[PDB]
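Have a look at the structure below before the remarks.
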Amino acid sequence: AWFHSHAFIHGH
Amino acid sequence: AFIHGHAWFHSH
Amino acid sequence: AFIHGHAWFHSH
Amino acid sequence: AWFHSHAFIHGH
Numbered sequence: 033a034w035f036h037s038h039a040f041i042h043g044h
Numbered sequence: 270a271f272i273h274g275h276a277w278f279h280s281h
Numbered sequence: 270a271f272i273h274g275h276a277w278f279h280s281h
Numbered sequence: 033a034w035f036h037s038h039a040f041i042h043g044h
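Protein chains in written order, with the working numbering: chain C, 33 to 44; chain P, 270 to 281; chain U, 270 to 281; chain F, 33 to 44.
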């Protein structure tokens, strides 16, 4: 699974 | 799984 | 599972 | 499961 952050980590 | 938090993170 | 990475992260 | 970061994320 991939997650992105730009902080909160986005992605399920 | 979602990753919660933004340092400690929590994931189930 | 471990969270890889330092922006994109990945976990399997 | 808890993960810690100072970024690399540490924890299983």
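The beta carbon of each residue, even a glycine, is placed where N, CA and C say it ideally should be.
As assigned by DSSP and simplified to three states, the class of residue i
| i | result |
| --- | --- |
| residue 279 of chain U | strand |
| residue 272 of chain U | coil |
| residue 42 of chain C | strand |
N- and C-terminal bounds of the beta strand (DSSP E) containing residue i
| i | result |
| --- | --- |
| residue 37 of chain F | 34 to 37 |
Burial state of residue i (16 or more Cβ within 10 Å)
| i | result |
| --- | --- |
| residue 271 of chain U | exposed |
| residue 40 of chain F | exposed |
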